[PDB]
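Q: File name upload_8.csv; file contents CSV, C-alpha atoms and all ligand atoms; full text below.
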chain,number,residue,atom,x,y,z
A,625,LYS,CA,16.7,42.4,-41.7
A,626,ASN,CA,15.4,45.7,-40.5
A,627,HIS,CA,14.6,48.6,-42.9
A,628,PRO,CA,14.8,51.8,-40.8
A,629,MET,CA,15.4,54.1,-43.8
A,630,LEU,CA,12.7,52.5,-45.9
A,631,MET,CA,10.5,52.5,-42.8
A,632,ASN,CA,11.2,56.2,-42.2
A,633,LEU,CA,10.4,57.3,-45.8
A,634,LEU,CA,7.1,55.5,-45.7
A,635,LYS,CA,6.2,57.5,-42.6
B,123,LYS,CA,-18.1,54.9,-68.3
B,124,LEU,CA,-15.2,55.8,-66.0
B,125,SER,CA,-16.8,56.2,-62.5
B,126,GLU,CA,-16.1,59.3,-60.4
B,127,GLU,CA,-13.9,57.1,-58.2
B,128,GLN,CA,-11.8,56.0,-61.2
B,129,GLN,CA,-11.4,59.5,-62.4
B,130,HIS,CA,-10.4,60.4,-58.8
B,131,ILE,CA,-7.8,57.6,-58.9
B,132,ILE,CA,-6.3,58.9,-62.1
B,133,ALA,CA,-6.1,62.5,-60.9
B,134,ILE,CA,-4.4,61.3,-57.7
B,135,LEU,CA,-1.8,59.2,-59.6
B,136,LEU,CA,-1.1,61.9,-62.1
B,137,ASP,CA,-0.4,64.4,-59.4
B,138,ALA,CA,1.6,61.9,-57.4
B,139,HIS,CA,3.8,61.3,-60.4
B,140,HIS,CA,4.1,65.0,-61.2
B,141,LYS,CA,5.3,65.5,-57.6
B,142,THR,CA,7.9,62.8,-57.8
B,143,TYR,CA,9.2,63.0,-61.3
B,144,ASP,CA,11.2,66.2,-62.2
B,145,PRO,CA,11.8,66.1,-66.0
B,146,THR,CA,14.3,69.0,-65.6
B,147,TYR,CA,16.8,66.8,-63.7
B,148,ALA,CA,17.5,69.7,-61.3
B,149,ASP,CA,18.7,67.3,-58.6
B,150,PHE,CA,21.1,65.2,-60.7
B,151,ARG,CA,23.7,67.9,-60.0
B,152,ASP,CA,23.9,66.8,-56.3
B,153,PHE,CA,24.8,63.2,-57.4
B,154,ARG,CA,28.4,62.0,-57.5
B,155,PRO,CA,29.4,63.0,-61.0
B,156,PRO,CA,29.4,60.5,-63.9
B,157,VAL,CA,32.9,59.4,-65.0
B,158,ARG,CA,33.3,58.4,-68.6
B,159,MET,CA,36.9,57.7,-69.7
B,218,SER,CA,37.0,53.1,-66.5
B,219,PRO,CA,36.1,50.0,-64.4
B,220,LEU,CA,32.9,50.7,-62.6
B,221,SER,CA,33.5,54.4,-63.2
B,222,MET,CA,29.7,55.1,-63.5
B,223,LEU,CA,28.9,53.1,-60.4
B,224,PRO,CA,29.0,56.1,-58.0
B,225,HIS,CA,26.8,58.3,-60.2
B,226,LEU,CA,24.2,55.6,-61.2
B,227,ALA,CA,24.1,54.4,-57.6
B,228,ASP,CA,23.1,57.9,-56.5
B,229,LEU,CA,20.7,58.1,-59.4
B,230,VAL,CA,19.0,54.8,-58.2
B,231,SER,CA,19.1,55.8,-54.6
B,232,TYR,CA,17.4,59.1,-55.5
B,233,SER,CA,14.9,57.2,-57.6
B,234,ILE,CA,14.0,54.9,-54.8
B,235,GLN,CA,13.1,57.8,-52.7
B,236,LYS,CA,10.9,59.2,-55.4
B,237,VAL,CA,9.2,55.8,-56.0
B,238,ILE,CA,8.4,55.6,-52.3
B,239,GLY,CA,6.9,59.0,-52.4
B,240,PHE,CA,4.8,57.9,-55.4
B,241,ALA,CA,3.8,54.7,-53.7
B,242,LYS,CA,2.5,56.4,-50.6
B,243,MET,CA,0.0,58.4,-52.7
B,244,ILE,CA,-1.4,55.3,-54.3
B,245,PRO,CA,-5.1,55.1,-53.2
B,246,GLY,CA,-5.4,52.2,-50.8
B,247,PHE,CA,-1.7,51.8,-50.3
B,248,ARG,CA,-2.0,53.5,-46.9
B,249,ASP,CA,-4.4,50.7,-45.8
B,250,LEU,CA,-1.6,48.0,-46.0
B,251,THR,CA,0.5,47.2,-43.0
B,252,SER,CA,4.0,48.7,-42.6
B,253,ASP,CA,5.5,45.3,-43.3
B,254,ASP,CA,3.5,44.8,-46.5
B,255,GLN,CA,4.4,48.3,-47.6
B,256,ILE,CA,8.1,47.4,-47.1
B,257,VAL,CA,7.9,44.1,-49.0
B,258,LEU,CA,6.1,45.7,-51.9
B,259,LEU,CA,8.6,48.6,-52.3
B,260,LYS,CA,11.6,46.3,-51.9
B,261,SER,CA,10.5,43.9,-54.6
B,262,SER,CA,9.1,46.5,-57.0
B,263,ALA,CA,11.6,49.4,-56.6
B,264,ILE,CA,14.0,48.4,-59.5
B,265,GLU,CA,10.9,47.6,-61.7
B,266,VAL,CA,9.3,51.0,-61.2
B,267,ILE,CA,12.6,52.7,-61.7
B,268,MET,CA,12.9,50.9,-65.0
B,269,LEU,CA,9.3,51.8,-65.9
B,270,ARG,CA,9.6,55.5,-64.9
B,271,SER,CA,12.9,55.8,-66.8
B,272,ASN,CA,11.0,55.1,-70.1
B,273,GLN,CA,9.9,58.8,-69.9
B,274,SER,CA,13.5,59.8,-70.4
B,275,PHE,CA,14.3,57.1,-72.9
B,276,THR,CA,14.5,58.1,-76.5
B,277,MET,CA,14.6,55.8,-79.5
B,278,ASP,CA,16.8,58.4,-81.2
B,286,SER,CA,21.2,67.1,-71.1
B,287,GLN,CA,24.2,65.2,-72.5
B,288,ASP,CA,25.9,64.4,-69.1
B,289,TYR,CA,22.8,62.7,-67.7
B,290,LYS,CA,22.0,60.9,-70.9
B,291,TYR,CA,22.8,57.3,-70.3
B,292,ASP,CA,23.7,54.6,-72.8
B,293,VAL,CA,24.7,50.9,-72.9
B,294,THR,CA,28.3,51.6,-72.0
B,295,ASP,CA,27.3,53.7,-69.0
B,296,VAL,CA,25.3,50.9,-67.5
B,297,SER,CA,28.2,48.6,-68.4
B,298,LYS,CA,30.4,50.9,-66.4
B,299,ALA,CA,28.2,50.4,-63.4
B,300,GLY,CA,29.1,46.8,-63.3
B,301,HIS,CA,26.4,45.1,-65.4
B,302,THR,CA,26.5,42.9,-68.5
B,303,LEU,CA,24.5,42.6,-71.7
B,304,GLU,CA,22.6,39.8,-70.1
B,305,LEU,CA,20.6,42.6,-68.4
B,306,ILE,CA,21.3,45.5,-70.7
B,307,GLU,CA,20.0,43.8,-73.9
B,308,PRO,CA,16.6,42.9,-72.5
B,309,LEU,CA,16.4,46.2,-70.7
B,310,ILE,CA,16.7,48.0,-74.0
B,311,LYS,CA,14.2,45.6,-75.6
B,312,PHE,CA,11.9,46.6,-72.7
B,313,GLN,CA,12.3,50.3,-73.2
B,314,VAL,CA,11.8,50.1,-77.0
B,315,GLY,CA,8.7,47.9,-76.6
B,316,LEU,CA,7.2,50.1,-73.9
B,317,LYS,CA,7.9,53.2,-75.9
B,318,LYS,CA,6.1,51.6,-78.9
B,319,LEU,CA,2.9,51.4,-76.9
B,320,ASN,CA,2.9,55.2,-76.7
B,321,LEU,CA,0.9,55.0,-73.4
B,322,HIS,CA,-1.1,58.0,-72.2
B,323,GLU,CA,0.4,59.4,-69.1
B,324,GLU,CA,-2.8,58.2,-67.3
B,325,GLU,CA,-1.9,54.7,-68.3
B,326,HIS,CA,1.8,55.1,-67.4
B,327,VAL,CA,1.0,56.1,-63.8
B,328,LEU,CA,-1.6,53.4,-63.4
B,329,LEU,CA,1.0,50.8,-64.6
B,330,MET,CA,3.5,51.9,-62.1
B,331,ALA,CA,1.0,51.8,-59.3
B,332,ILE,CA,-0.3,48.3,-60.4
B,333,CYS,CA,3.4,47.2,-60.5
B,334,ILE,CA,3.9,48.3,-56.9
B,335,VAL,CA,0.8,46.8,-55.5
B,336,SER,CA,1.3,43.2,-56.6
B,337,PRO,CA,-0.2,40.3,-54.5
B,338,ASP,CA,2.3,37.8,-55.6
B,339,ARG,CA,5.4,39.5,-54.2
B,340,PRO,CA,7.3,37.2,-51.8
B,341,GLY,CA,6.8,38.0,-48.2
B,342,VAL,CA,3.3,39.5,-48.6
B,343,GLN,CA,1.1,38.8,-45.6
B,344,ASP,CA,-2.3,40.3,-46.5
B,345,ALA,CA,-2.3,39.2,-50.2
B,346,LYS,CA,-6.1,39.5,-50.4
B,347,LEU,CA,-5.9,43.2,-49.5
B,348,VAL,CA,-3.0,43.9,-51.9
B,349,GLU,CA,-5.0,42.1,-54.6
B,350,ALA,CA,-8.1,44.1,-53.8
B,351,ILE,CA,-6.2,47.4,-54.0
B,352,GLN,CA,-4.6,46.3,-57.3
B,353,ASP,CA,-7.9,45.1,-58.8
B,354,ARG,CA,-9.3,48.6,-58.2
B,355,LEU,CA,-6.3,50.0,-60.1
B,356,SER,CA,-6.6,47.3,-62.7
B,357,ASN,CA,-10.2,48.0,-63.4
B,358,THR,CA,-9.5,51.7,-63.6
B,359,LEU,CA,-6.9,51.0,-66.3
B,360,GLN,CA,-9.0,48.6,-68.3
B,361,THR,CA,-12.0,51.0,-68.2
B,362,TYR,CA,-9.8,54.0,-69.1
B,363,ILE,CA,-8.4,52.2,-72.1
B,364,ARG,CA,-11.9,51.3,-73.3
B,365,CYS,CA,-13.3,54.8,-72.8
B,366,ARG,CA,-10.3,57.0,-73.5
B,367,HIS,CA,-7.8,55.2,-75.7
B,368,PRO,CA,-9.0,55.1,-79.3
B,369,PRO,CA,-8.2,52.1,-81.6
B,370,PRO,CA,-6.0,50.9,-83.2
B,371,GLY,CA,-3.7,52.1,-80.5
B,372,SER,CA,-5.9,50.4,-77.9
B,373,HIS,CA,-5.8,47.0,-79.5
B,374,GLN,CA,-5.0,44.6,-76.7
B,375,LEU,CA,-3.3,47.4,-74.9
B,376,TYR,CA,-4.0,46.0,-71.4
B,377,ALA,CA,-2.6,42.6,-72.3
B,378,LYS,CA,0.5,44.2,-73.7
B,379,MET,CA,0.9,46.3,-70.5
B,380,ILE,CA,0.6,43.3,-68.3
B,381,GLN,CA,3.2,41.5,-70.4
B,382,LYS,CA,5.5,44.5,-69.7
B,383,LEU,CA,5.0,43.7,-66.0
B,384,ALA,CA,6.0,40.1,-66.8
B,385,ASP,CA,9.1,41.4,-68.6
B,386,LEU,CA,9.9,43.4,-65.5
B,387,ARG,CA,9.9,40.4,-63.2
B,388,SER,CA,12.6,38.9,-65.5
B,389,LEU,CA,14.6,42.1,-65.6
B,390,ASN,CA,14.2,42.2,-61.8
B,391,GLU,CA,15.7,38.7,-61.4
B,392,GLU,CA,18.7,39.4,-63.6
B,393,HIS,CA,19.4,42.7,-61.9
B,394,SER,CA,19.3,41.0,-58.5
B,395,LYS,CA,21.8,38.4,-59.7
B,396,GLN,CA,24.3,40.9,-61.0
B,397,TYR,CA,23.7,43.1,-58.0
B,398,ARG,CA,24.7,40.3,-55.7
B,399,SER,CA,27.8,39.6,-57.7
B,400,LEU,CA,28.6,43.3,-57.9
B,401,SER,CA,28.0,44.1,-54.2
B,402,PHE,CA,29.9,41.1,-53.1
B,403,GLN,CA,33.2,42.9,-53.5
B,404,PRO,CA,33.3,45.2,-50.5
B,405,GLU,CA,35.1,47.8,-52.6
B,406,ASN,CA,32.1,48.1,-54.8
B,407,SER,CA,29.6,47.8,-52.0
B,408,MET,CA,31.5,50.7,-50.7
B,409,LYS,CA,30.5,52.8,-53.7
B,410,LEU,CA,26.8,52.3,-53.1
B,411,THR,CA,24.5,54.3,-50.8
B,412,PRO,CA,22.9,53.2,-47.5
B,413,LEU,CA,19.4,53.3,-49.0
B,414,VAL,CA,20.4,51.1,-51.9
B,415,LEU,CA,22.1,48.7,-49.6
B,416,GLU,CA,19.0,48.5,-47.4
B,417,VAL,CA,16.5,48.1,-50.3
B,418,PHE,CA,18.5,46.0,-52.7
B,419,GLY,CA,20.3,44.1,-50.0
B,420,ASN,CA,23.6,43.8,-48.2
C,1,LIG,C1,17.4,52.8,-71.0
C,1,LIG,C2,16.8,53.6,-69.8
C,1,LIG,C3,17.9,54.5,-69.2
C,1,LIG,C4,19.0,53.8,-68.4
C,1,LIG,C5,19.3,54.4,-67.0
C,1,LIG,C6,20.8,53.9,-66.6
C,1,LIG,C7,20.9,52.5,-66.0
C,1,LIG,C8,19.8,52.2,-64.9
C,1,LIG,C9,20.2,53.0,-63.6
C,1,LIG,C10,19.6,50.7,-64.6
C,1,LIG,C11,20.6,49.7,-64.0
C,1,LIG,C12,20.3,48.2,-64.2
C,1,LIG,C13,20.7,49.9,-62.4
C,1,LIG,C14,22.0,49.9,-61.7
C,1,LIG,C15,21.9,49.8,-60.2
C,1,LIG,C16,22.9,49.1,-59.4
C,1,LIG,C17,22.7,49.3,-57.9
C,1,LIG,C18,24.4,49.5,-59.8
C,1,LIG,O1,22.8,47.7,-59.7
C,1,LIG,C19,18.2,50.7,-63.8
C,1,LIG,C20,17.4,51.8,-64.5
C,1,LIG,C21,18.4,52.4,-65.5
C,1,LIG,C22,18.3,53.9,-65.9
C,1,LIG,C23,17.3,54.8,-65.4
C,1,LIG,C24,17.1,56.2,-65.6
C,1,LIG,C25,16.5,57.2,-64.8
C,1,LIG,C26,16.4,58.6,-65.4
C,1,LIG,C27,15.0,59.3,-65.1
C,1,LIG,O2,14.1,58.7,-66.0
C,1,LIG,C28,14.5,59.0,-63.7
C,1,LIG,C29,14.5,57.5,-63.3
C,1,LIG,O3,14.1,57.4,-61.9
C,1,LIG,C30,16.0,57.0,-63.4
For this file, write the structure as structure tokens.
Ligand SMILES: CCCC[C@@H]1CC[C@]2(C)[C@@H]([C@H](C)CCCC(C)(C)O)CC[C@H]2/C1=C/C=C1C[C@@H](O)C[C@H](O)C1
A:
Amino acid sequence: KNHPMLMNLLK
Amino acid sequence: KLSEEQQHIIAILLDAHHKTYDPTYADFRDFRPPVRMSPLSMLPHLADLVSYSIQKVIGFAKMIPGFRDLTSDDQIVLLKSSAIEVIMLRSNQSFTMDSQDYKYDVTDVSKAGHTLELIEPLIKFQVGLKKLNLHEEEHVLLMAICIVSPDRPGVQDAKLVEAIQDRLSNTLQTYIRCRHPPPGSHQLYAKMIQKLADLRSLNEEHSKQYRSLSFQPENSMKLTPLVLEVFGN
């Protein structure tokens, strides 16, 4: 799956 | 006997933790309120608590020396697999072997859709960890070491993760030797690594009950988007 929110929070 | 780099690492993790852990619970007010009366009545509140806590764990993880050297993908895998474990770890700071609204007990967790199969060993964990009476320096090192684990499924550059962790591991082992006086230091590192082993087992059981819980769309409905993304959907 994709993790846009996790990706965004990790910068 | 702590190098300047190791002291640097501790100072960084201490500040990182201070910037991501608010002991005053100022933010808990913004969560869906806890309901105690009650099937899954605490699910909305604890889901928000966990979602909030994931955000804080991520903010902590980003400030771990060397963590920024990993690829985006490896950063994701490490956070996804360790999140629940670090939340359990960091929660030890609020755990007491003795507010009132945001003080959680067995029945609360049970009202979030979990069984004693998880709750019993989770309490054993908290008690055993509390017993170690870790310095805060050791506490923050343990959370960082937990996050940067080579053996997490899906890791690509395991050698790099391991190298980043060894640096954190050596810092802890040296800190204990130089700063933690006996008897309290007796086998302290081994006991801390065992806690990490305990956490893998707590992680697996939580995963199981989360799959069961989130299988019902009416319960999945009570979660948050971040929880669904991190813990699965
Ligand atoms: C015995 C320890 C306190 C118990 C308290 C309640 C139950 C929680 C949320 C645990 C449950 C197994 C998680 C439920 C998550 C769900 C998505 C519903 O499966 C994880 C950490 C636990 C808890 C964590 C507590 C805090 C408060 C504070 O220490 C900040 C932390 O980030 C989160």
Q: For a cut-off of 10 Å around (12.4, 54.9, -47.1), file coordinates, pick out all residues using all atoms listed in the file and list them as a list in words.
A: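 Nearby residues: residues 627, 628, 629, 630, 631, 632, 633, 634 and 635 of chain A; 234, 235, 236, 237, 238, 239, 256, 259, 260, 413, 416 and 417 of chain B.
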Q: Would you export the selected residues with C-alpha atoms as a CSV table (one decimal), keeping the file's coordinate frame, please?
A:
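Output file selection15.csv follows:
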chain,number,residue,atom,x,y,z
A,627,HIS,CA,14.6,48.6,-42.9
A,628,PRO,CA,14.8,51.8,-40.8
A,629,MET,CA,15.4,54.1,-43.8
A,630,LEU,CA,12.7,52.5,-45.9
A,631,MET,CA,10.5,52.5,-42.8
A,632,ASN,CA,11.2,56.2,-42.2
A,633,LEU,CA,10.4,57.3,-45.8
A,634,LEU,CA,7.1,55.5,-45.7
A,635,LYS,CA,6.2,57.5,-42.6
B,234,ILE,CA,14.0,54.9,-54.8
B,235,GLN,CA,13.1,57.8,-52.7
B,236,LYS,CA,10.9,59.2,-55.4
B,237,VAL,CA,9.2,55.8,-56.0
B,238,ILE,CA,8.4,55.6,-52.3
B,239,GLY,CA,6.9,59.0,-52.4
B,256,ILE,CA,8.1,47.4,-47.1
B,259,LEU,CA,8.6,48.6,-52.3
B,260,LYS,CA,11.6,46.3,-51.9
B,413,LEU,CA,19.4,53.3,-49.0
B,416,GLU,CA,19.0,48.5,-47.4
B,417,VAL,CA,16.5,48.1,-50.3
Q: Using all atoms listed in the file, what are the residues with an atom within 8 Å of ligand LIG 1 (chain C), set out as a PyMOL selection string?
A: chain B and resi 143+145+147+223+226-227+229-230+232-234+236-237+264+267-268+270-275+289-293+295-296+299-301+305-306+309-310+313+393-394+396-397+400+410+414+418
Q: So which residues touch region 359-363 of chain B within 8 Å, counting all atoms listed in the file, skipping near sequence neighbours fewer than 3 positions away, as a list in words?
A: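 Here the answer would be residues 123, 124, 325, 328, 355, 356, 366, 367, 368, 372, 375 and 376 of chain B.
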Q: Interatomic distance between CA of residue 252 (chain B) and CA of residue 329 (chain B)?
A: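 Here the two named atoms are 22.3 Å from each other.
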Q: When you look at residue 152 (chain B) with a cut-off of 10 Å (counting only C-alpha atoms), what residues show up, excluding the ones that are within fewer than 4 positions of it in the same chain? I need them as a VMD selection string.
A: chain B and resid 148 225 228 to 229
Q: Take CA of residue 342 (chain B) and CA of residue 251 (chain B) and report the distance between them in Å, one decimal.
A: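 Distance reported for this atom pair: 9.9 Å.
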